[PDB]
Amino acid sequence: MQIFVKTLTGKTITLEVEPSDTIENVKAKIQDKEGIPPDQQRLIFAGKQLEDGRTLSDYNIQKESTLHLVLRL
């Protein structure tokens, strides 16, 4: 399925994912498109920071959901 990640610079990143993808997998896919290392990524969805060992399904992140990306220095 498609999900979207919005950066705070206004850019939307589109990823192809499955419900069983872990948050780490999602961060690695962001790294493949943007070059941002996983350790500098904070992903926010439904008021929560998403945790590495959980899956999209665990957070009820469904098709065409939007995550927000916060970058650490």
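Here, rigid core means the biggest group of C-alpha atoms that superpose within 1.5 Å across both forms. Sequential numbering from 1, following the sequence displayed.
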Note: with structures superposed on the core, the stretch whose C-alphas sit farther off in 8 other deposited structures of this protein, 1 to 9 or 62 to 70, is 1 to 9
Could you check whether 21 to 29 or 45 to 53 drifts more from the shown form in 8 other deposited structures of this protein, using RMS Cα distance once the core is superposed?
45 to 53
Should the higher mean CA B-factor in the entry be assigned to 2 to 10 or to 64 to 72?
2 to 10
Name the higher of the two by mean Cα B-factor in the PDB entry, 12 to 20 versus 49 to 57.
12 to 20
Which third, lowest, middle or highest, does the C-alpha temperature factor of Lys27 belong to within its own chain?
middle
